[PDB]
Amino acid sequence: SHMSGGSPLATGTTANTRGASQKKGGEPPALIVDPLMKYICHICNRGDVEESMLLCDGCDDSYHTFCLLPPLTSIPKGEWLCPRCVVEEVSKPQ
Ligand SMILES: [Zn+2]
Ligand SMILES: [Zn+2]
């Protein structure tokens, strides 16, 4: 059996991708701006307007009116419930 025709597929290509790997080329180690306690709107990571910052009566966390979609056209005259808790029934998971 002499089936040695001899046909190599010698076809190269310059496959080069320089993956620039600067882990902190624009990422500084941020220090704790709120070391003790400060009611910050965790949706916007900032306590922008404290006068528009609500605290869920049936939870505990700081939200802005602005940070919710759509922004709360009326400021809650009574204690504000988070939309999570607003969808309740007699049977809680307790
Ligand atoms: Zn906010
Ligand atoms: Zn709640």
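Residues numbered from 1 in each chain as written, not as in the entry; some residues may be left out. Chains lettered and ligands numbered in written order. Heavy atoms only, no water.

Per the deposited record, determination of this structure is attributed to solution NMR.

The subject of this paragraph is the overall build of the protein chain. The secondary structure content of the protein chain amounts to 1 helix and 2 strands. From first element to last, N terminus to C terminus, the protein chain shows the α and β order β-β-α. For the protein chain, whose C-alpha radius of gyration is 29 Å, the value lies well above the compact-globule estimate of 12 Å for 94 residues. Principal-axis analysis of the C-alpha atoms gives the protein chain an extent of 95 × 40 × 30 Å. In the protein chain, which comprises 94 residues, the share counted as buried stands at 16%. Here the contacts in the protein chain between residues at least 6 apart in sequence split such that 20% fall between residues at least 24 apart. Only carbon and sulfur atoms are counted for the fraction: they give 55% of the accessible area of the protein chain, which is about 9,000 Å². Within the protein chain, the 11 negative side-chain charges are centred at a point lying 13 Å from the centre of the 8 positive side-chain charges. (Helix = DSSP H or I, 4+ residues; strand = E, 2+ residues; numbered from the N terminus. Rg over C-alpha atoms; globule rule 2.2 N^0.38 Å. Buried < 20%, exposed > 50% of the residue type's maximum accessible area, 1.4 Å probe, protein only. Contact = heavy atoms within 4.5 Å. Areas by Shrake-Rupley, 256 points an atom, 1.4 Å probe, with all protein chains shown as cover. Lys, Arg positive; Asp, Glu negative; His and termini not counted. Charge placed at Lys NZ, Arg CZ, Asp CG, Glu CD.)

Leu69 connects to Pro70 through a cis peptide bond whose omega is -5°. Inspection of the secondary structure assignment puts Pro70 in the loop between strand 2 (62-64) and helix 1 (83-86).

At this site the zinc ion (ligand 1) is bound by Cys41 (SG), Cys44 (SG), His64 (ND1) and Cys67 (SG), with donor distances of 1.8 to 2.1 Å. Coordination at the zinc ion (ligand 1) is tetrahedral: its 4 donor atoms span angles of 95 to 120° at the metal. Taken in sequence order, the residues that donate to the zinc ion (ligand 1) follow the motif C-x2-C-x19-H-x2-C. Just as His64 is buried, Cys67 falls in that class too. (Donors = N, O, S within 2.8 Å, 3.2 Å for Na, K, Ca; no water. Tetrahedral: all angles 85-135°; square planar, octahedral: opposite > 155°, others 65-115°.)

Note that soluble globular proteins tend to have their nonpolar side chains buried in a common cluster. Counting residues in each nonpolar core, the largest one holds 6 residues, listed as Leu54, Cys56, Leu68, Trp80, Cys82 and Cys85. Filtering out sequence-adjacent residues up to four positions away, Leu54 remains in contact with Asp61, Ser62, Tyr63, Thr65, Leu72, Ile75, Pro76 and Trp80. (Core = buried A, V, L, I, M, F, W, Y, C linked by side-chain atoms within 4.5 Å.)

Looking now at the coordination of the zinc ion (ligand 2). Those donors, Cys56 (SG), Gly58 (O), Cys59 (SG), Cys82 (SG) and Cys85 (SG), are the protein atoms that reach the zinc ion (ligand 2), and they lie 1.9 to 2.6 Å from it. Look at where the donors of the zinc ion (ligand 2) fall in the sequence and you get C-x1-G-C-x22-C-x2-C. With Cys59 in the loop between strand 1 (53-55) and strand 2 and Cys85 in helix 1, the pair connects residues that are 26 residues apart, well separated along the chain.

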